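Quick notes on the structure that follows.
There are 4 protein chains.
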Amino acid sequence: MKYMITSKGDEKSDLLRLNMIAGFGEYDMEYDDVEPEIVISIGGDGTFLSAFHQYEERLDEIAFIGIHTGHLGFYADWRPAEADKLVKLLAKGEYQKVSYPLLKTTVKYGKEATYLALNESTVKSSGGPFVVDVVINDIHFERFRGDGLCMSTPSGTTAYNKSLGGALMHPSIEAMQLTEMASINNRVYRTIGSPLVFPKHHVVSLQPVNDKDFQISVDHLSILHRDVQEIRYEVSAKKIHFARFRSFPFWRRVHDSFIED
Amino acid sequence: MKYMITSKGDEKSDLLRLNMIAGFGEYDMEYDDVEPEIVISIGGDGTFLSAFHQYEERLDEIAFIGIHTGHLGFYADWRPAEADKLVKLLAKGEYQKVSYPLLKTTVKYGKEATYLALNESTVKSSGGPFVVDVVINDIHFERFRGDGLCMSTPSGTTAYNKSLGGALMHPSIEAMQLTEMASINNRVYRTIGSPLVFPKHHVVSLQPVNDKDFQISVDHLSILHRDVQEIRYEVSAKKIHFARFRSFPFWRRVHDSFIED
Amino acid sequence: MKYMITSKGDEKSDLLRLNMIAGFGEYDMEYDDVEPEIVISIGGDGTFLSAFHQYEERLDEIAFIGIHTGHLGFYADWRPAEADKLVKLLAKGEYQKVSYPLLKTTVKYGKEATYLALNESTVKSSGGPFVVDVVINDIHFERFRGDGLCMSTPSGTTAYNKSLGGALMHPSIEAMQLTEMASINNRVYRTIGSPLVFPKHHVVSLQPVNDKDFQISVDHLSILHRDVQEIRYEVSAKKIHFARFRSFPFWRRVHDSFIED
Amino acid sequence: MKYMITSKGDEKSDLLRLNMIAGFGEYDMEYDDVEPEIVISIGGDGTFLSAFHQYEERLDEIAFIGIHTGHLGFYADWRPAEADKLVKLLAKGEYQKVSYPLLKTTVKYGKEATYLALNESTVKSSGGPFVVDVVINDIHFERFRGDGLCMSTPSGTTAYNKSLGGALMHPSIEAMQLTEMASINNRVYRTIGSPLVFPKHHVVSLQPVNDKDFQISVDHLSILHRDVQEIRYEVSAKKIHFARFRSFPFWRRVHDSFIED
Ligand SMILES: C#CCCCCn1cnc2c(N)ncnc21
Ligand SMILES: C#CCCCCn1cnc2c(N)ncnc21
Ligand SMILES: C#CCCCCn1cnc2c(N)ncnc21
Ligand SMILES: C#CCCCCn1cnc2c(N)ncnc21
Numbered sequence: 001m002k003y004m005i006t007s008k009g010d011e012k013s014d015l016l017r018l019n020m021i022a023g024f025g026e027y028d029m030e031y032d033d034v035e036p037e038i039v040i041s042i043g044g045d046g047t048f049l050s051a052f053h054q055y056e057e058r059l060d061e062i063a064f065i066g067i068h069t070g071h072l073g074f075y076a077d078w079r080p081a082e083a084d085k086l087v088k089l090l091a092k093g094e095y096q097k098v099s100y101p102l103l104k105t106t107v108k109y110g114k115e116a117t118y119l120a121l122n123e124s125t126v127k128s129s130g131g132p133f134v135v136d137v138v139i140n141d142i143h144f145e146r147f148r149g150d151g152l153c154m155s156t157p158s159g160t161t162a163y164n165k166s167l168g169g170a171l172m173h174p175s176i177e178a179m180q181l182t183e184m185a186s187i188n189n190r191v192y193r194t195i196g197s198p199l200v201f202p203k204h205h206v207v208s209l210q211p212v213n214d215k216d217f218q219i220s221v222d223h224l225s226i227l228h229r230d231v232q233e234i235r236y237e238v239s240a241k242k243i244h245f246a247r248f249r250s251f252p253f254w255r256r257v258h259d260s261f262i263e264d
Numbered sequence: 001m002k003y004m005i006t007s008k009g010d011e012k013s014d015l016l017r018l019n020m021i022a023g024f025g026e027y028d029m030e031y032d033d034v035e036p037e038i039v040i041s042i043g044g045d046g047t048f049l050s051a052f053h054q055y056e057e058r059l060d061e062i063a064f065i066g067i068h069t070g071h072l073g074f075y076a077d078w079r080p081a082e083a084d085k086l087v088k089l090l091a092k093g094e095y096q097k098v099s100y101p102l103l104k105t106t107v108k109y110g114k115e116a117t118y119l120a121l122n123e124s125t126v127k128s129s130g131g132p133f134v135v136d137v138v139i140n141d142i143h144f145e146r147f148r149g150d151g152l153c154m155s156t157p158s159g160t161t162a163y164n165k166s167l168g169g170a171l172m173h174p175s176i177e178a179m180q181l182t183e184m185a186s187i188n189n190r191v192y193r194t195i196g197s198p199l200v201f202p203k204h205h206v207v208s209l210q211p212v213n214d215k216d217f218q219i220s221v222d223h224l225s226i227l228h229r230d231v232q233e234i235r236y237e238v239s240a241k242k243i244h245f246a247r248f249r250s251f252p253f254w255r256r257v258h259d260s261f262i263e264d
Numbered sequence: 001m002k003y004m005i006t007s008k009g010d011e012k013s014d015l016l017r018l019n020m021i022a023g024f025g026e027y028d029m030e031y032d033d034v035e036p037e038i039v040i041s042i043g044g045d046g047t048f049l050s051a052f053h054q055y056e057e058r059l060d061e062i063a064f065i066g067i068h069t070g071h072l073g074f075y076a077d078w079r080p081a082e083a084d085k086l087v088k089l090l091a092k093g094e095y096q097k098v099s100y101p102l103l104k105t106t107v108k109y110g114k115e116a117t118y119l120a121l122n123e124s125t126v127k128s129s130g131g132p133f134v135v136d137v138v139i140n141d142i143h144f145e146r147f148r149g150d151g152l153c154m155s156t157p158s159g160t161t162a163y164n165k166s167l168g169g170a171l172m173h174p175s176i177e178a179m180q181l182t183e184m185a186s187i188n189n190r191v192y193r194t195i196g197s198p199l200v201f202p203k204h205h206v207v208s209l210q211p212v213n214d215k216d217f218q219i220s221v222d223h224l225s226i227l228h229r230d231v232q233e234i235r236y237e238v239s240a241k242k243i244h245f246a247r248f249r250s251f252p253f254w255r256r257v258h259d260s261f262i263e264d
Numbered sequence: 001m002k003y004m005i006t007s008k009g010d011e012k013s014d015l016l017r018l019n020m021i022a023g024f025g026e027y028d029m030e031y032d033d034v035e036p037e038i039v040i041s042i043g044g045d046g047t048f049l050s051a052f053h054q055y056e057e058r059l060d061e062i063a064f065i066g067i068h069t070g071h072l073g074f075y076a077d078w079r080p081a082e083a084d085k086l087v088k089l090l091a092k093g094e095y096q097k098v099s100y101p102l103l104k105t106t107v108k109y110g114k115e116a117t118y119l120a121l122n123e124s125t126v127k128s129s130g131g132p133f134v135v136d137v138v139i140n141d142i143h144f145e146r147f148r149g150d151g152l153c154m155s156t157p158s159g160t161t162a163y164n165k166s167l168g169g170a171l172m173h174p175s176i177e178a179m180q181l182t183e184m185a186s187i188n189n190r191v192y193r194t195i196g197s198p199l200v201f202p203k204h205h206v207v208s209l210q211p212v213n214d215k216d217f218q219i220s221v222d223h224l225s226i227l228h229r230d231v232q233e234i235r236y237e238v239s240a241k242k243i244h245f246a247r248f249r250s251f252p253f254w255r256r257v258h259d260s261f262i263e264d
C-alpha cells in the first residue's frame with residue numbers, strides 16, 4: 001500500500017532508508033507521507049515515538065514498524081541486516097497486526116487539551132512544591148506531596164515507569180499504571196507508596212491544592228501548563244497497531260533488553 | 001438458601017455468629033456447612049482465608065461475605081453493627097455477586116499437586132540458597148538468586164505483594180503479579196528487579212538449578228516440598244464470588260486501609 | 001550574650017518573637033542581628049534553614065535554637081509553650097552545644116563557587132537528559148543516567164534523602180550520603196542503585212558527558228548553572244552548633260516525626 | 001612469622017595452597033594453624049568467612065589475606081596468578097594492616116550468648132509471624148512486623164544488606180546498619196521503612212512481643228534460638244585486620260563487583 005519512512009537522521013539511518021525506498025520501488029508500493037498505511041521508523045525508540053506522534057490522528061489506518069540502528073528498542077525490534085527481508089515481506093502484505101493500549105491525558109483550564120501517550124505522561128510542579136489531590140473515579144484517594152507522578156501505558160512500563168519502581172505489565176493488559184516520584188511520607192503526610200494499576204474506564208484525576216502551574220510531559224514532549232484546574236488520566240479508546248512478521252514475545256524483548264542479549 | 005458461618009473463635013465473633021443464626025431463624029434459611037450457598041466469615045482476613053480454603057471445591061456455588069470484628073479487612077468488609085441489616089438483606093436475596101481472579105499453583109515431582120490461592124503463593128528454599136530458573140511461556144527469562152519469589156492475585160496485591168514493592172492492581176484485571184524477595188544482583192548475577200504482571204493464559208515456571216527442596220506457601224498454608232521438578236503459576240479458571248449489598252469500591256477499601264479511616 | 005530572632009512571619013510566630021524579646025529585656029542580653037551569638041528560629045525547618053544560611057559565615061560563633069510553631073521539625077525542636085523557660089535558661093547560659101556535620105559543594109566553570120548545605124545538595128539537568136560521570140577520589144565509578152543525584156548530610160538524611168530511599172544516619176557520624184533519582188538501568192547502562200555513604204575527606208566529583216548546564220540546589224536554594232566543568236562534594240570542615248537545654252535524642256526525634264507523636 | 005592456609009577444597013584451591021606452602025618453605029615461615037599470625041584464604045568470600053570465624057578469638061594477632069579462585073570477592077581480593085608475588089612480599093613482611101569494624105550480637109535467655120559478625124546478623128521468626136519491639140538506647144522506637152531484620156557491618160553492606168535496599172558504607176566508618184525485610188505498613192502498623200545507620204556505642208535491642216523463638220543468623224551460620232528475651236546489637240570493640248600489599252580501594256572494589264570488571 002502507501003508507506004513512508006522516518007529516519008533518525010544520522011548517516012546510517014538515512015542510507016538504510018534510501019536503500020529500502022529503492023527496494024520498495026520494485027513492488028506495488030507508493031511513498032506517501034500524508035496518508036500512509038505503513039510507517040517505518042529507522043533509529044531508536046525516540047525516533048519511533050516521533051513517528052507515532054506525527055500520525056497520531058490516523059492511528060486506525062496505520063501499522064507501525066521499527067528498525068533499530070543503535071541498541072535494541074522495545075518498539076524498534078528489527079535489525080538493519082533484515083531490512084531487505086522486511087521490504088519483501090511487507091510488499092506482499094498479509095502480515096498480521098498487534099495492538100497496544102494507549103493513555104489519554106486531559107488537561108482542563110479556566114479551555115481543555117487532550118494528549119495521547121505511547122509510553123507515559125508525567126506531572127511535576129513549575130519550580131515550587133508539588134501538591135495534588137489524587138481522585139479515583141470521583142473518590143478522594145490521597146494528597147500527594149513529592150516530586151511528581153507518572154502514568155504509564157503497559158508498553159511504557161519498561162521506560163520511566165521502571166526507573167520509578169513500577170511493575171512491568173504485558174501489553175495485552177488494557178491498563179495504566181501510576182507511580183510516585185519521591186513522595187514525602189511522615190506522620191502527617193501519607194501516600195500509598197506502591198504503584199497503582201488501573202483498568203480500562205477508571206478515571207484518575209489530579210486536582211491542585213495551592214499552585215495551579217504544572218510541567219506536564221507526554222512521552223518526549225514537555226510543556227509548562229498554567230491555570231490548570233484538573234489533569235485527567237484514562238486508558239484511551241485508541242490503540243497503536245504494529246505490523247508483525249515473526250515471533251518476538253514481549254517477555255523475550257524484556258529479557259534481551261535488561262537481562263542479556 | 002443454605003448458609004454457614006465461620007467464626008474467629010474469640011468471644012465477640014462467636015456471640016455475633018449465634019445472634020446471626022438466631023436472626024436467620026426468622027427466614028427461609030437453612031444452616032448447612034456441607035453444601036452452603038452463602039458462607040459468612042466473622043473475624044479478620046485470616047478467618048476469611050480459612051473459609052475460602054474450606055470450600056474451595058464448591059467455589060462456583062458459593063457467594064462469600066466477610067464481617068470484620070477487629071480491624072478492617074480487604075475481604076471482611078462489613079462492620080459487626082450492620083449484622084442485623086446483613087441478615088435481612090441476605091435472607092431476601094436478590095443481591096448481586098462480584099468475582100475476583102485466583103492463582104493456580106502446580107507442583108510437579110518425580114506425582115503432581117495443584118493449589119488455589121486467594122492472596123498469593125511464595126517459594127523459598129529449605130535452608131540453603133534459593134536458585135531457580137524462571138521460565139515464561141517456555142522462554143528462559145532469568146536465573147533468580149535471592150530469598151524467594153511471590154506470585155500474587157489482584158486482591159492479594161495489598162498483602163505480602165505490597166510489602167515486597169509490588170503494584171496494587173484492581174481486582175477486575177485478570178492477572179497475576181510476580182515479585183522478588185531480596186534478589187542478588189551483581190555483574191555476574193542479574194534479575195529483572197521489577198515486579199512482573201502476567202495476563203491470563205501466561206504460564207510462569209520455576210525450575211530448580213541445584214537443590215530440589217522448597218518451602219512453598221499458599222496463602223496461610225506453608226508446606227516443605229521435596230524432589231520438586233517444576234513449580235507452575237497461572238491465572239486460575241476458577242473465581243471467588245462475593246455477595247455485595249452496597250458500594251464499597253476497591254480503591255476506597257485501599258484508602259481506608261493504608262491512608263486513613 | 002548577643003542574640004537575634006527570625007520569624008516565619010505569620011501572626012503566631014511574630015507575636016511569639018516579640019514576647020521573647022520582651023522577656024529577654026529582663027536579662028543581660030542585647031538584640032544584635034549583625035554579630036549575634038545565639039540565633040533563635042521561630043517557624044518550621046524552612047525558617048531554620050534560612051536562619052542557617054543567613055549567618056553561614058559566622059558558624060563558629062553561633063549556637064542555633066529552633067522553635068516550631070507548626071508541626072515538629074528536626075531542627076525546630078522546642079514547643080512555643082516552653083518559650084518562657086527557653087528565655088530563662090538561655091539568659092543564664094551555661095548550656096552545652098551540639099555540632100552536626102555539613103556538606104561542601106564546589107562548582108567549577110571555565114571561576115568557581117562554593118556552597119554549604121545543612122540538608123542536601125542536588126543536581127539535575129536543565130531540561131534535557133541528565134548524564135554525568137561519577138568520580139570518587141579520582142577513580143571513575145559510574146556513568147549515571149537518570150533524573151539526578153542528591154548528596155545529603157547526616158541530619159539531612161531525614162529530608163529529601165529519605166524520600167529517595169536513602170538511609171537515616173545519626174548526625175554524630177561525619178559523613179555524606181549520595182542517592183539516585185530515577186536511574187536508568189538496562190544491559191548497556193549500569194548504576195550502583197544503592198545509596199552510598201562517604202566518610203570525611205572522600206571527594207565525589209560529577210563530570211559532564213554532553214550537556215554542561217545543570218540545575219543545582221543547596222537546601223531550599225536552586226540555581227541554574229551554565230558551562231559547568233565539575234561538581235565537587237565533600238564533608239565540610241565547618242559545623243553547625245546547637246544550644247541544647249535538655250535531652251531530645253535524634254532517634255526519638257525520628258520516632259516522633261515518622262512513627263507517632 | 002607463623003601462617004596457615006585454608007582452601008575452598010576444590011582441585012584448583014588445594015593445588016594453589018600446596019604451591020604457596022612450597023614457596024613459603026623457601027623463607028623464615030612456619031606453618032601453624034593453631035596460633036598463626038597470617039591467615040590466607042583461598043576460594044571465595046564464603047571460604048574467607050569460615051577462616052574469620054575459625055580464628056575469631058585471636059583477631060588481635062592475625063592479619064587476613066584472601067585469594068579468589070572463582071569470581072572477585074570483597075574479602076578475597078588477590079588473583080591466583082599473583083600468588084608467587086604474594087608469597088614473596090608476605091615472607092619479607094613490613095606490609096601495612098587495615099582494620100574493618102565488626103558487629104557484636106548478644107542473645108539473652110531466661114543464660115546469654117555473644118557472636119561476632121563480619122558481614123551481618125539477621126533475625127527471623129521460627130515459622131509464625133515475626134513481631135519485635137525495636138529499642139534504641141533504651142528508647143522504644145518501633146514495633147516491627149514483617150519477615151525479619153538485618154544488622155550489617157560496613158563491609159557487610161555490599162552483601163545481604165545491599166539486597167534489602169541498604170546503603171553501601173565505606174568500611175572506615177565505625178557503624179552498623181539495620182535494614183527491614185518485607186515490613187508490613189498500614190494505618191495501624193508503622194515502621195520507619197528506611198535503613199538506619201548507627202554509630203559506635205549505640206545499642207539496638209530487639210524484644211519479643213508474643214513468640215520468643217527466633218532463627219538468628221550470623222554470617223553463614225543460622226541457629227534456631229528458643230526462649231529469647233532480648234537480641235542486642237552494637238559495634239564490636241574488636242576488629243578484623245587485613246594485610247594489604249597494594250592499593251585496592253573499597254570504592255574500586257565496589258565498582259569491579261557491581262558495575263564492570
Ligand atoms: C534515556 C531515555 C529514555 C528511554 C529511552 C529508551 N526507551 C524509550 N521508550 C522505551 C520503552 N517503552 N521501554 C524501554 N525503553 C524505552
Ligand atoms: C500479618 C499479616 C498478613 C496479612 C494480614 C492482612 N491481610 C490478609 N490478606 C490481606 C489482603 N489481601 N490485603 C491486605 N491485607 C491482608
Ligand atoms: C516539604 C518539604 C521539604 C521538607 C520539609 C521538612 N524538612 C526540612 N528539613 C528536614 C529535615 N532535615 N528532616 C526532616 N524533615 C525536614
Ligand atoms: C550468594 C550469596 C551470599 C553472598 C556471597 C558474596 N558475598 C559474601 N560476602 C560478601 C560481601 N561482604 N560483599 C559482597 N558480596 C559478598
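Residue numbers (PDB author numbering), protein chains in the order written: chain F, 1 to 110, 114 to 264; chain C, 1 to 110, 114 to 264; chain B, 1 to 110, 114 to 264; chain H, 1 to 110, 114 to 264. Cβ atoms here follow ideal geometry from the backbone N, Cα and C, with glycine treated the same way.
Contact annotation: F/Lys-108 and F/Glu-233 have beta-carbon atoms nearer than 8 angstroms. Straight through space, the alpha carbons of C/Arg-256 and C/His-173 are spaced by roughly 11 angstroms. Under the three-pair Cβ rule at 8 angstroms, the region 208–219 of chain H does not count as touching the region 64–84 of chain H. Counting only Cβ-Cβ distances below 8 angstroms, B/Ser-175 has contacts in chain H at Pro-202, in chain order. Residue nearest to F/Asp-136 within the set F/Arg-193, F/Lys-88 and F/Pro-101 is F/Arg-193 (criterion: CA-CA distance). Taking 8 angstroms as the CB threshold, F/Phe-74 stays off the interface with chain B.
Interface criterion not met: the Cβ of H/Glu-57 is under 8 angstroms from no Cβ in chain B. Any heavy atom of ligand 3 within less than 6 angstroms of a residue's beta carbon puts that residue on the list, which reads F/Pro-132, F/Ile-187, B/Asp-45, B/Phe-74, B/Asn-122, B/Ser-158, B/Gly-159, B/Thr-161 and B/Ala-162. Inclusion of F/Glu-94 and F/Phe-147 in the CB contact set at 8 angstroms is not warranted, their separation being larger than that value.
The CB of H/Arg-193 comes closer than 9 angstroms to the CB of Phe-261, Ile-262 and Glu-263 in chain B, given here in chain order.
Annotation: C/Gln-218 to H/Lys-12 spans about 34 angstroms, alpha carbon to alpha carbon.
Placement of the Cβ of C/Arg-190 at a distance of 7 angstroms or more from every heavy atom of ligand 4 is found.
Neighbourhood of H/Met-172 in chain B, by CB distance below 7 angstroms: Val-200, in chain order.
The beta carbon of C/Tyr-27 sits closer than 7 angstroms to the beta carbons of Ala-91 from its chain, once the five residues preceding and following it are set aside; these are given in chain order.
Annotation: the continuous alpha helix (DSSP H) that includes B/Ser-50 extends over 45–54. For ligand 1, no non-hydrogen atom lies closer than 7 angstroms to the CB of F/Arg-255.
Counted as a single uninterrupted DSSP element, the beta strand (DSSP E) harbouring C/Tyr-100 occupies residues 96–109. Unbroken alpha helix (DSSP H) runs of no fewer than 4 residues, entirely contained in the region 155–238 of chain F, are found at 163–166, following chain order. Residues of the same chain with a CB within less than 8 angstroms of the CB of B/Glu-35, apart from the 5 flanking positions on each side, are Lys-2, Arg-58 and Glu-61 in chain order. Checking the 7 angstroms criterion, the Cβ of C/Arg-193 is out of range of every heavy atom belonging to ligand 4. For the set H/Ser-50, H/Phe-248, H/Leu-103 and H/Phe-64, the Cα lying nearest the Cα of H/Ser-124 is the one of H/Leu-103. Under the Cβ criterion of 8 angstroms, C/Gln-210 is not counted among the residues facing chain F.
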